[PDB]
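Novice: What follows is a structure written as structure tokens; I'll ask about it next.
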Amino acid sequence: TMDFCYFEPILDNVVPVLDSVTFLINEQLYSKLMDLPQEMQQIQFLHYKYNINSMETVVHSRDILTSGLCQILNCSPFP
Amino acid sequence: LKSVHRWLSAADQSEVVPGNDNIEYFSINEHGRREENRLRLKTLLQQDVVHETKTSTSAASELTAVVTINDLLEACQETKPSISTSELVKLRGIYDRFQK
């Protein structure tokens with residue numbers, strides 16, 4: 001592992017919020033996703049398994065959500 | 001020319017990569033940009049590794065543009081190049097005898 005690293009805090013709570021995010025999902029999981037009856041249920045399904053909490057989770061470009069099954073392709077505007 | 005035209009008409013140069021874009025719309029695709037189709041096409045282009053385009057150029061098979069006798073007859077008895085021998089009679093008329 002690392003012997004050392006650099007860290008620096010974000011001052012004055014200046015944390016950006018992304019405007020759009022793209023997701024890539026496999027056949028089975030994507031179908032299970034869209035088969036849900038309503039938008040809120042789909043959002044909750046996204047929330048639960050990925051532990052992504054709104055206004056509290058920071059995500060990045062090209063982040064693999066799970067190994068070999070799904071990934072976030074890119075984010076906009078900020079990385 | 002007529003044969004290549006016929007070959008073009010027969011091939012019709014149509015039905016190439018139909019329905020390339022997949023259906024991927026989602027419910028939350030609102031409350032923002034209304035050009036989401038353009039952005040989705042942009043991303044589908046972007047997910048590609050690189051513009052390889054290493055396609056086989058021989059797929060066209062242009063050699064098949066062969067002529068037929070019916071196509072041959074498309075001449076339609078085109079107009080003569082020489083209007084009339086009467087305009088040229090003297091040519092040999094003077095050279096019935098040996099040349100000067």
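Going through the structure tokens in order, the chains are called A, B, and so on, while each chain numbers its residues from 1 and the ligands are numbered from 1 in the order shown.
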Need the shell around residue 47 in chain B: protein/DNA/RNA residues with any atom at most 12 Å away, counting only C-alpha atoms. Skip same-chain ones fewer than 6 positions apart. Format as a list in words?
Specialist: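 Near residue 47 in chain B, the qualifying residues are residues 22, 23, 24, 62, 71, 72, 73 and 74 of chain A; 40 and 41 of chain B.
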Novice: With a distance cut-off of 12 Å and only C-alpha atoms, select the neighbouring residues of residue 23 in chain B, excluding the residue or stretch itself and same-chain residues fewer than 3 positions from it, and output the selection as a PyMOL selection string.
Specialist: chain B and resi 19-20+26+37+40-41+44
Novice: Write the residues of the selection above to a file with N, CA and C atoms, as a CSV table (one decimal), in the first residue's frame.
Specialist:
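Final output, saved to again.csv:
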chain,number,residue,atom,x,y,z
B,19,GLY,N,-31.3,1.1,-37.9
B,19,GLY,CA,-31.5,0.9,-36.5
B,19,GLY,C,-30.3,0.8,-35.7
B,20,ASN,N,-29.2,1.5,-36.0
B,20,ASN,CA,-28.0,1.4,-35.2
B,20,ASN,C,-28.2,1.8,-33.8
B,26,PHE,N,-35.0,6.9,-20.4
B,26,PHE,CA,-35.3,6.6,-19.0
B,26,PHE,C,-36.2,7.7,-18.4
B,37,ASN,N,-32.0,13.3,-26.8
B,37,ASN,CA,-31.6,12.4,-27.9
B,37,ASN,C,-30.3,12.7,-28.5
B,40,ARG,N,-27.6,11.6,-26.0
B,40,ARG,CA,-27.5,10.1,-26.0
B,40,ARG,C,-26.7,9.7,-27.2
B,41,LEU,N,-27.0,10.3,-28.4
B,41,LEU,CA,-26.2,9.9,-29.6
B,41,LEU,C,-24.8,10.3,-29.4
B,44,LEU,N,-23.2,7.6,-27.2
B,44,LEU,CA,-23.1,6.4,-28.0
B,44,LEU,C,-21.9,6.4,-28.9
Novice: To one decimal place, how far is CA of residue 8 in chain A from CA of residue 59 in chain A in Å?
Specialist: 18.1 Å
Novice: Do me a favour and pick out the residues of chain B within 12 Å of chain A, using only C-alpha atoms, as a list in words.
Specialist: residues 24, 25, 26, 27, 28, 29, 30, 31, 32, 33, 36, 39, 40, 42, 43, 44, 46, 47 and 48 of chain B
Novice: Write a file of the just-selected residues containing N, CA, C and O atoms, as a CSV table (one decimal), in the first residue's frame.
Specialist:
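Done, and the output landed in again_31.csv:
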chain,number,residue,atom,x,y,z
B,24,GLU,N,-32.8,3.5,-25.3
B,24,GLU,CA,-32.3,3.6,-23.9
B,24,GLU,C,-32.9,4.7,-23.1
B,24,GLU,O,-32.3,5.0,-22.0
B,25,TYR,N,-34.0,5.2,-23.4
B,25,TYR,CA,-34.6,6.3,-22.7
B,25,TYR,C,-34.9,5.9,-21.3
B,25,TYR,O,-35.1,4.7,-20.9
B,26,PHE,N,-35.0,6.9,-20.4
B,26,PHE,CA,-35.3,6.6,-19.0
B,26,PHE,C,-36.2,7.7,-18.4
B,26,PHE,O,-36.3,8.8,-19.0
B,27,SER,N,-36.9,7.3,-17.4
B,27,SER,CA,-38.0,8.2,-16.9
B,27,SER,C,-37.5,9.6,-16.4
B,27,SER,O,-38.1,10.6,-16.6
B,28,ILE,N,-36.3,9.6,-15.7
B,28,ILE,CA,-35.8,10.8,-15.2
B,28,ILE,C,-35.2,11.7,-16.2
B,28,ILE,O,-34.7,12.8,-15.9
B,29,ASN,N,-35.3,11.4,-17.5
B,29,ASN,CA,-34.8,12.2,-18.6
B,29,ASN,C,-35.7,13.4,-18.8
B,29,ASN,O,-36.2,13.6,-19.9
B,30,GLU,N,-35.8,14.2,-17.8
B,30,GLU,CA,-36.6,15.5,-17.8
B,30,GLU,C,-35.9,16.5,-16.9
B,30,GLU,O,-34.8,16.3,-16.5
B,31,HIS,N,-36.7,17.5,-16.5
B,31,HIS,CA,-36.2,18.6,-15.6
B,31,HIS,C,-34.8,19.1,-16.0
B,31,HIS,O,-34.0,19.4,-15.1
B,32,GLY,N,-34.6,19.2,-17.3
B,32,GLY,CA,-33.3,19.7,-17.8
B,32,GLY,C,-33.3,19.8,-19.3
B,32,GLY,O,-34.2,20.4,-19.9
B,33,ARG,N,-32.2,19.4,-19.9
B,33,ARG,CA,-32.0,19.5,-21.3
B,33,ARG,C,-33.1,18.7,-22.0
B,33,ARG,O,-33.4,17.6,-21.7
B,36,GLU,N,-32.2,15.5,-25.1
B,36,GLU,CA,-31.5,14.3,-24.6
B,36,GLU,C,-31.2,13.3,-25.7
B,36,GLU,O,-30.3,12.5,-25.5
B,39,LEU,N,-27.7,14.2,-26.9
B,39,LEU,CA,-26.7,13.9,-25.9
B,39,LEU,C,-26.5,12.4,-25.9
B,39,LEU,O,-25.4,11.9,-25.8
B,40,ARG,N,-27.6,11.6,-26.0
B,40,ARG,CA,-27.5,10.1,-26.0
B,40,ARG,C,-26.7,9.7,-27.2
B,40,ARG,O,-25.9,8.8,-27.1
B,42,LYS,N,-24.5,11.4,-28.8
B,42,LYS,CA,-23.1,11.9,-28.5
B,42,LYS,C,-22.4,10.8,-27.7
B,42,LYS,O,-21.3,10.4,-28.0
B,43,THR,N,-23.1,10.4,-26.6
B,43,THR,CA,-22.4,9.4,-25.7
B,43,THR,C,-22.2,8.1,-26.5
B,43,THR,O,-21.2,7.4,-26.3
B,44,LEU,N,-23.2,7.6,-27.2
B,44,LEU,CA,-23.1,6.4,-28.0
B,44,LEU,C,-21.9,6.4,-28.9
B,44,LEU,O,-21.2,5.4,-29.2
B,46,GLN,N,-19.3,8.4,-28.3
B,46,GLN,CA,-18.1,8.5,-27.5
B,46,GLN,C,-17.7,7.2,-26.9
B,46,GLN,O,-16.5,7.0,-26.7
B,47,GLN,N,-18.6,6.3,-26.5
B,47,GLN,CA,-18.3,5.1,-25.9
B,47,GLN,C,-17.4,4.2,-26.8
B,47,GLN,O,-16.7,3.3,-26.3
B,48,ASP,N,-17.4,4.5,-28.1
B,48,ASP,CA,-16.5,3.8,-29.0
B,48,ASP,C,-15.1,4.0,-28.7
B,48,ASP,O,-14.7,5.1,-28.2
Novice: What does the distance from CA of residue 75 in chain A to CA of residue 6 in chain A come to in Å, to one decimal?
Specialist: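 Interatomic distance, CA of residue 75 in chain A to CA of residue 6 in chain A: 24.6 Å.
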Novice: Taking 6 positions as the minimum chain separation for residues in the same chain, which residues sit within 10 Å of residue 8 in chain B when counting only C-alpha atoms? Answer as a ChimeraX atom specification.
Specialist: /B:2,62,65
Novice: Let's see if you can do this: from backbone DSSP, list all strand (DSSP E) residues in chain A, as a ChimeraX atom specification.
Specialist: /A:20-21,24-25,70-71,75-76
